[PDB]
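Enquirer: The structure under discussion is supplied below as structure tokens; questions concerning it will follow.
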Amino acid sequence: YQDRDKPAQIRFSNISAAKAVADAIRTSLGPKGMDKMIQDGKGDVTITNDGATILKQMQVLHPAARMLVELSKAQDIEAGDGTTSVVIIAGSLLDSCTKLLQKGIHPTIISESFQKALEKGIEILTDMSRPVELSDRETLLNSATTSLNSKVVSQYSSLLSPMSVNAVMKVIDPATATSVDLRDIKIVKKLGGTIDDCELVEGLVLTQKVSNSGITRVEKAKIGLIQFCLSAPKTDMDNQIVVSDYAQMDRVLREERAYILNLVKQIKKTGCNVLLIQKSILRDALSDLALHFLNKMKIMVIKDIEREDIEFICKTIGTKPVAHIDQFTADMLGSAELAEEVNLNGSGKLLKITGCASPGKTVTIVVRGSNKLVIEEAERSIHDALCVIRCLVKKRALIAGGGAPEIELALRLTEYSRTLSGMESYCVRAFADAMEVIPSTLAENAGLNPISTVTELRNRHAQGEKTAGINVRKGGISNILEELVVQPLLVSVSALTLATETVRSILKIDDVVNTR
Amino acid sequence: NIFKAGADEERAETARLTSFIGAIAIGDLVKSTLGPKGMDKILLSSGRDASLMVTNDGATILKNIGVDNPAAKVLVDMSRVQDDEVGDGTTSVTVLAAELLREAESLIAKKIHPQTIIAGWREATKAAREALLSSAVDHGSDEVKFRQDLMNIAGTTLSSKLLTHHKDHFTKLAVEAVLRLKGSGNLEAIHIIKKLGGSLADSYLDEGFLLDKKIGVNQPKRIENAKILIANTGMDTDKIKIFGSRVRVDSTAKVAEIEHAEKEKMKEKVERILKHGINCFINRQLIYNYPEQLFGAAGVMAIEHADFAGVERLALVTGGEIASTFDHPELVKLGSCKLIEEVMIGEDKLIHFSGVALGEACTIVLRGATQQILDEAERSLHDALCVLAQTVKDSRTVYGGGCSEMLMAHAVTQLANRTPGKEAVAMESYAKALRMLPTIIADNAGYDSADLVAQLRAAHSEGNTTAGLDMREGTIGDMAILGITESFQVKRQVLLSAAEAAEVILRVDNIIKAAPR
Amino acid sequence: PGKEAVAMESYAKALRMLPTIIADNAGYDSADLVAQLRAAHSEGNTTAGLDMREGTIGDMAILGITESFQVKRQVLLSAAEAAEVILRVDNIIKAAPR
Amino acid sequence: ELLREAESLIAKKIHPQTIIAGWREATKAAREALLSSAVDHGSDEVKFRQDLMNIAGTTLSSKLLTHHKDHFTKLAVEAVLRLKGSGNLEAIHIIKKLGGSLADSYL
Amino acid sequence: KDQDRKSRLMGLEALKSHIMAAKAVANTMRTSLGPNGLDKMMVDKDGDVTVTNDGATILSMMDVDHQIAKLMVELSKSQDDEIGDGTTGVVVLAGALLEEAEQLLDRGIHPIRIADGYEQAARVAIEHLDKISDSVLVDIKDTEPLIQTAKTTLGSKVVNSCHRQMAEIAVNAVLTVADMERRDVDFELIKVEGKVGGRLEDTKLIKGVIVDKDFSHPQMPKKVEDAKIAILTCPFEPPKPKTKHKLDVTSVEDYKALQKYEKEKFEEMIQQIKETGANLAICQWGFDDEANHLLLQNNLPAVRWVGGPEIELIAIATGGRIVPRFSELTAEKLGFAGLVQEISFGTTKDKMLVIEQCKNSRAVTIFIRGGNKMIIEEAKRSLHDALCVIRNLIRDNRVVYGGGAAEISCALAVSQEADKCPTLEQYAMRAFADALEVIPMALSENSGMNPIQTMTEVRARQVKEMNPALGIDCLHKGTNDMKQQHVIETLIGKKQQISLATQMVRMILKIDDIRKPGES
Amino acid sequence: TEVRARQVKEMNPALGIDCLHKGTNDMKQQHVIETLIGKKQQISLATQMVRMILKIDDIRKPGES
Ligand SMILES: Nc1ncnc2c1ncn2[C@@H]1O[C@H](COP(=O)(O)OP(=O)(O)O)[C@@H](O)[C@H]1O
Ligand SMILES: Nc1ncnc2c1ncn2[C@@H]1O[C@H](COP(=O)(O)OP(=O)(O)O)[C@@H](O)[C@H]1O
Ligand SMILES: Nc1ncnc2c1ncn2[C@@H]1O[C@H](COP(=O)(O)OP(=O)(O)O)[C@@H](O)[C@H]1O
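Protein chains in written order, with the authors' numbering: chain A, 24 to 539; chain B, 10 to 526; chain C, 429 to 526; chain D, 108 to 214; chain E, 18 to 537; chain F, 473 to 537.
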């Protein structure tokens with residue numbers, strides 16, 4: 024052969040850049056993952072082992088390598104766990120593709136073959152999994168507690184885990200619904216107090232204060248969202264105010280009060296007794312004169328609220344955004360039983376509004392703690408608890424850890440490839456060998472031999488089941504089912520699903536064109 | 010001092026290379042995208058990182074890439090014409106034209122003149138065009154067979170697209186839209202709604218020409234015997250499309266005077282509109298809530314926030330008129346519509362017509378997670394409606410998958426037996442350029458192209474004018490049984506536009522570049 | 429079959445180069461003379477050939493030009509056999525000079 | 108020319124053995140074409156004797172005997188008709204002596 | 018001053034350097050010779066792109082900084098006025114004579130002696146063309162064969178698909194703007210326009226002027242048959258400035274007063290139109306709704322927003338004057354025309370003003386239609402040489418057989434006459450013969466044939482077969498003898514070709530030094 | 473892989489490769505059979521050479537100074 028045109032150099036260029044991101048993030052896998060040192064350009068340096076944080080602080084410039092970074096973000100949104108395992112799997116599949124492409128196999132044949140391994144792979148993991156009952160709050164508690172022990176906070180897991188179990192079971196119909204929205208459960212935190220002090224509020228809780236308003240309470244409020252800024256007359260175009268004497272100067276104040284009250288009169292006609300002012304910085308969102316007129320109308324001032332915080336208020340009470348007072352009406356109003364601002368010792372000036380009385384399933388968690396870090400890790404842990412619980416709602420099943428799913432997957436896929444015909448045999452065998460990088464990485468981090476660990480487990484899986492996996496707590500191979508080290512099925516399934524689609528996407532890249 | 014300071018001239022030796030190297034490069038750029046197993050391609054503009062994207066559309070690749078070579082710009086402009094006009098064959102035109110110039114560069118190396126090459130290609134294009142005409146198959150009767158052909162043609166156009174996975178659902182949407190049309194192939198009557206949510210399989214359909222717009226605040230959900238009056242003018246407030254004119258404001262009384270002066274202007278304009286004696290008003294600019302109740306009191310449907318396509322499409326669906334200005338009453342054509350009902354698809358109020366004059370129109374309701382999914386869904390689907398509409402105007406069809414390209418190449422080789430000397434060698438290269446199309450479709454899929462393509466030659470050479478590439482199994486099979494076919498006018502324009510494009514490059518022998526400013 | 433079709437064309441293309449080289453050495457337009465013979469023999473006229481004297485195509489039967497059958501048969505076989513040996517080789521082992 | 112084309116095919120990812128399978132099949136059809144084109148002379152020996160002059164005129168081309176090639180077409184054909192046996196030219200002597208033009212060659 | 022870094026080139030090496038500059042322009046253009054000529058790709062400085070094989074257009078866009086090349090480009094301005102089509106024949110012949118001269122400079126002949134021989138051979142050749150020429154319309158003025166000559170001319174262009182229709186309009190156009198007996202056809206009186214859409218078969222002749230401007234209102238009469246046209250600078254309405262009025266209305270007290278004065282000027286001037294007797298009122302600016310409402314009641318069509326040079330051409334074509342203000346109107350300043358129509362183009366709102374004369378005129382405009390602007394652009398030049406082909410035949414119906422027949426016959430006369438010149442100009446005369454052969458030898462090359470074999474084969478045919486000259490079948494028609502193919506070039510054209518070519522060679526030969534100061 | 477899949481999916485008895493481009497696989501029909509002692513010594517001598525090469529990690533040879 025001549026091989027004059029060489030478009031394969033771009034495949035090796037994308038595979039090398041993709042494999043480089045995986046080789047760096049490989050050592051940080053598992054509880055015993057070796058930490059990594061990141062140095063910001065200013066001079067600051069930090070140490071961490073979370074693979075998600077390392078990829079963000081890498082400043083990836085290659086297109087193919089960026090696909091692994093965006094891939095890891097997809098795993099966080101879908102599953103919330105296994106972020107590092109995905110990038111390691113994709114790097115090994117592409118490294119395995121480098122051996123197949125040298126043999127003269129086309130990327131399309133490799134791409135279609137990997138999908139067949141993915142189709143059979145999901146059947147292997149789903150068959151050997153352990154189904155559980157979602158309404159059973161006993162399994163969800165120990166599942167997140169034992170998993171949270173592997174997270175940063177190992178002591179306060181027993182308090183924050185059942186707060187999330189009840190928060191999900193409250194808003195989600197147990198064992199009836201399959202989809203869950205984590206945005207429907209907001210997590211508020213303030214300094215002071217301790218982790219033991221928490222409250223799962225059925226309504227909503229905010230962080231901003233209603234000052235300088237003196238109402239402090241509005242019962243049976245018809246909450247409304249208005250984005251246009253209420254204030255005195257303002258014009259962006261070139262204008263000039265006329266003042267003939269002190270009377271006209273003071274008359275403008277009387278005409279300035281009218282412009283603020285004219286828009287309040289239209290709001291008063293709709294019965295809107297609480298207004299949600301969108302956070303704005305480009306101009307005065309709520310002037311001083313507007314406070315007393317709103318106090319006259321007995322309206323509570325809620326301003327400087329984030330859109331995401333308004334998004335939680337949107338589905339909670341059913342309020343719509345209003346860009347102008349002329350479009351403000353009564354149909355776009357939420358509801359509330361008793362509005363008030365509570366100021367406890369450690370909870371701070373929170374806006375607690377209960378009794379929404381609207382179609383919606385939402386709750387909110389109040390949290391307290393001495394330092395910012397004490398409350399920071401509390402909310403970080405609640406997300407992982409909600410994420411792992413979300414994985415069980417979509418996929419009511421469990422599986423063992425320690426890379427045991429990768430060994431049963433690699434073991435039976437090699438048997439599945441013997442029955443296949445054509446190029447799919449070597450393409451599926453290479454898919455099986457690529458899975459062995461995960462447990463060999465766990466064995467390496469645990470001080471064991473990477474080869475003898477996976478080599479011993481491949482025999483225990485041929486004879487036994489998926490219970491055999493690496494146990495880093497004891498430093499050797501053990502029955503993971505007895506150690507209570509499990510993960511949901513969606514993590515291992517979504518990992519193979521999203522990783523293979525990225526490998527298929529990277530394989531289909533023939534070349535890149537620089538536009539302008 | 011012949012050409013310096015920006016001004017350049019490429020001599021016959023170099024311009025012959027630069028003309029082909031520029032055109033052949035564009036062909037080899039997007040030949041990988043040819044076929045259902047086409048290879049993807051990354052597009053990343055220099056200096057900015059947000060412009061990243063991935064696609065396997067040969068048309069989208071040529072639109073975004075800039076071109077400095079004049080020979081390549083001709084081949085790219087001739088390709089964009091195929092995308093905007095026909096909607097299919099943008100990649101085959103670029104590949105077929107480039108493969109012809111690649112072979113032509115080998116002919117001129119043999120001291121074959123470009124004019125001698127052009128003479129053979131003109132005779133080959135006639136024999137090649139005659140082959141499709143004989144093998145083409147029309148369907149006047151048996152609408153079931155004609156309906157099945159539209160489904161097969163829809164799958165071919167949607168191949169190597171975003172909607173290729175669930176094409177079985179979209180083949181029923183595009184064909185039903187063109188089947189419900191059954192007449193003039195005006196794609197203006199075929200609206201495409203784009204709304205968030207749901208997978209691609211959740212794409213609904215409406216035959217009453219559903220709209221992608223909500224109207225008013227509290228409008229009637231049903232109107233009987235509505236008379237359509239479309240318009241285009243400012244109707245919300247004053248100083249519409251006026252910049253520089255200001256208003257003096259000394260107190261809130263003058264603002265109240267503007268409120269009265271506004272209501273006075275909206276009153277007079279609402280009077281002229283109702284003087285027509287109508288029951289339904291449409292305007293491109295938004296309708297303020299004040300004139301809405303004036304139309305509401307008259308029972309007129311106050312449609313607001315129409316777009317350019319809305320005025321262009323609703324005029325013929327309801328049989329109305331644009332009628333931008335409404336100064337004089339009873340001097341424009343009022344449309345015809347039985348019912349204008351409200352419909353909710355995707356958590357949004359939509360306008361559903363019924364019993365309109367020339368009610369063969371329809372609308373395809375797409376569904377997706379974001380707008381990037383719906384945008385590409387509209388492009389590939391509109392491309393299918395283009396060729397499908399062309400298939401109704403011309404019911405002739407030809408077998409794809411390398412059957413048509415190989416059949417035309419065989420007639421050229423037969424024509425090479427009865428021809429003068431140098432024209433034979435030039436026509437032989439025209440056939441090889443056509444045979445390289447299935448060679449690229451097989452190479453991109455990973456199959457042995459030299460085995461499949463050479464087998465098709467022995468097939469077509471001894472009868473059997475149906476064999477083609479079976480991308481499913483990776484072998485040769487009858488295209489009629491497998492259900493693969495393409496329009497005749499598409500393959501016709503692809504043959505002619507590719508020959509005409511390459512003919513322009515050979516006629517060129519010296520590029521002239523003056524001093525750029 | 430598929431791949432064997434491409435190899436047969438190169439065998440025919442090699443035979444067509446013989447009258448091409450005979451015409452090139454004589455100074456005539458080999459592309460016209462050889463392509464005209466191809467168009468001729470493809471539809472009857474199995475006696476056409478080159479006329480180096482006049483510089484065009486003529487009937488070899490009328491002009492009185494012919495060659496022995498045993499000579500052309502051995503030229504075809506000795507060439508294909510000789511080319512078969514070289515094409516079958518893939519590695520050359522050079523030994524030490526004595 | 109066969110090897111010049113075979114070098115091109117090998118660059119196209121075509122095996123040498125696959126090419127030999129085609130050349131062997133091609134050599135069969137080529138020989139069959141020669142037989143259908145060959146025209147023997149079972150009768151009309153004068154036509155056969157006329158052909159032998161054409162073999163001599165074709166074989167003697169590109170030689171120094173172009174000045175009097177028409178003379179040598181008669182000598183070589185005449186001496187062959189005298190043999191009427193095996194092709195052993197040991198019975199046919201050749202003499203090389205100077206003096207005289209090429210047309211003065213005796214038999 | 019500025020002697021330092023001054024570019025200089027002198028001696029015999031300069032003459033060979035000047036010849037090398039001319040050959041670069043000739044070799045560039047010899048490929049675009051004939052109907053089968055190879056096109057040229059132009060890259061405009063503003064990013065535009067076009068393709069064409071026109072010799073004049075190639076020289077106009079060719080940005081050459083060499084001074085000798087600029088002189089060769091200046092010859093196009095003098096050649097296109099006479100021939101129009103084959104400016105390539107002069108540049109190719111000039112470059113051919115210069116190449117053959119390079120063989121004579123090595124022999125030691127002075128450049129002036131070379132120029133003296135070409136001037137002697139040109140008179141030999143130009144005298145030969147007058148003998149072998151033939152007439153078409155000798156002693157009678159006819160339109161049958163004259164139309165056929167132009168039909169073969171447009172066939173060389175992209176408009177060949179519609180070459181038969183435009184030839185008839187070309188004969189009526191030239192015959193209208195001038196008489197064949199007058200033998201004075203002016204290109205300034207002839208104009209060509211066009212618009213995208215339609216096909217080239219929709220080419221029409223408008224005896225008068227056409228401008229892409231619409232009436233003052235669609236409710237105006239679409240037919241002004243009477244020959245009374247007013248051409249004012251301002252419209253018949255309250256007078257306004259050229260840019261902006263900026264009327265100051267403080268309150269309603271000024272509105273009702275100025276509206277009365279304004280309404281008075283509306284009625285005064287709109288009624289003044291019928292006072293002077295004008296039916297059509299063409300104005301540089303547009304009309305207000307109050308004005309068009311009064312024009313309709315009076316049946317007074319008017320044109321709006323007419324351009325600067327458009328107002329000038331309407332006065333010339335209709336025979337009127339550019340009236341500066343309504344107070345200067347009179348019976349003499351009204352234009353004349355037979356019919357004024359508003360012609361739209363399908364769904365486009367162009368609506369160009371069509372002023373017809375309904376009789377023979379002295380100025381005619383040519384409206385072209387097609388599906389592409391650049392093909393319409395090349396279509397415009399396709400008639401310009403046709404006007405020269407008709408104008409040349411009108412100046413002299415005598416013509417010579419083209420397709421290279423004339424150049425090959427003259428080369429034989431120049432070669433024989435060279436034997437009678439015992440002087441160093443003899444070598445130049447033989448060089449003139451070989452240089453004449455480059456035109457026909459270039460046509461056969463551009464068509465894909467052996468040049469020298471086709472050249473000499475026609476020579477012996479011109480010497481042995483018959484005395485009438487025979488050309489080259491470059492279009493791959495049946496055979497030679499272009500008289501049967503009806504490919505005939507004008508006699509004045511061939512004489513100007515050899516004349517302008519010898520002049521261009523004489524000017525470059527008598528130049529022996531170029532000087533220019535560089536950047537200091 | 474096609475022959476290997478035929479040795480499992482199509483039928484359990486062993487099947488070979490059709491290198492001579494005969495009818496099909498299943499060399500038993502083509503009558504292409506090798507000796508059992510041949511194959512036993514083939515992979516045995518091959519393994520013995522691999523072990524002999526794998527158990528060598530130093531090739532020392534003195535140079536000429
Ligand atoms: N306590 C543990 N004992 C054994 N294996 C563990 C333990 N915790 C995590 N693992 C393994 O480490 C891998 C990575 O876990 P985790 O850190 O939650 O995801 P990531 O590394 O992607 O952030 C998992 O595949 C799991 O099997
Ligand atoms: N199912 C199929 N089987 C075989 N060939 C196909 C199939 N679908 C599409 N093709 C081939 O893919 C080529 C490109 O199709 P398409 O994408 O519609 O045009 P373009 O690539 O020019 O945009 C066509 O020439 C057609 O022959
Ligand atoms: N239809 C024709 N058939 C044969 N020869 C032609 C024809 N038209 C022009 N020629 C020859 O080609 C030469 C140049 O032709 P053309 O390109 O039309 O003019 P120009 O070169 O001035 O643009 C002329 O000298 C003429 O002899």
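Using N, Cα and C, we set each Cβ at its ideal position, and we do this for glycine too.
Answer yes or no: does any C-beta atom of chain C fall closer than 8 angstroms to that of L141/D?
Expert: In terms of beta-carbon proximity, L141/D lines the interface with chain C, with at least one pair separated by less than 8 angstroms.
Enquirer: Select from the segment 334-357 of chain A all residues with a C-beta closer than 9 angstroms to any C-beta belonging to chain B, and list them in chain order.
Expert: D349, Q350, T352 and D354
Enquirer: Could you tell me which of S345/B, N73/B, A420/B and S41/B sits nearest to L53/B, measuring between CA atoms?
Expert: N73/B
Enquirer: Looking at chain C, is there any beta carbon in it that lies within less than 8 angstroms of the beta carbon of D58/B?
Expert: no
Enquirer: CB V202/E to CB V194/E, shorter than 8 angstroms?
Expert: Taking 8 angstroms as the Cβ cut-off, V202/E and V194/E qualify as a contacting pair.
Enquirer: List the residues of chain A whose Cβ lies closer than 8 angstroms to the Cβ of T473/F, in chain order.
Expert: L443, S444, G445, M446, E447, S448 and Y449
Enquirer: Does the separation of the CB atoms of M458/A and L480/A fall below 8 angstroms?
Expert: no
Enquirer: In chain I, which residues lie less than 8 angstroms from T494/C when you measure between Cβ atoms?
Expert: Absent from the structure: chain I. Protein chains present are A, B, C, D, E and F.
Enquirer: Can you tell me which of the three DSSP states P447/B falls into?
Expert: Three-state result, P447/B: helix.
Enquirer: So what's residue 18/A in DSSP terms, helix, strand or just coil?
Expert: No answer is possible for residue 18/A: it lies beyond the span of chain A, which begins at 24 and ends at 539.
Enquirer: For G75/B, go through chain A and note every residue whose CB falls closer than 8 angstroms to its CB, in chain order.
Expert: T538 and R539
Enquirer: Is any non-hydrogen atom of ligand 5 found closer than 7 angstroms to the C-beta of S101/B, if you look at the structure I gave you?
Expert: Although ligand 5 was asked about, the structure shown includes only ligand 1, ligand 2 and ligand 3 as ligands.
Enquirer: For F317/B, count neighbouring Cβ atoms within 10 angstroms of its own Cβ and tell me buried if that reaches 16, exposed if not.
Expert: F317/B is exposed by the Cβ-count criterion.
Enquirer: What residues in the segment 445-469 of chain C bring their beta carbon closer than 9 angstroms to a beta carbon of chain D?
Expert: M445, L446 and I449
Enquirer: Residue ranges of each alpha helix (DSSP H) run of no fewer than 4 residues wholly in the segment 410-461 of chain B, ordered along the chain?
Expert: The DSSP assignment places complete alpha helix (DSSP H) segments of no fewer than 4 residues inside the segment 410-461 of chain B at 412-424 and 430-454, in order along the chain.
Enquirer: Which stretch, first to last residue, makes up the beta strand (DSSP E) that contains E281/E?
Expert: Here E281/E belongs to no beta strand (DSSP E); instead the alpha helix (DSSP H) covers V269 to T293.
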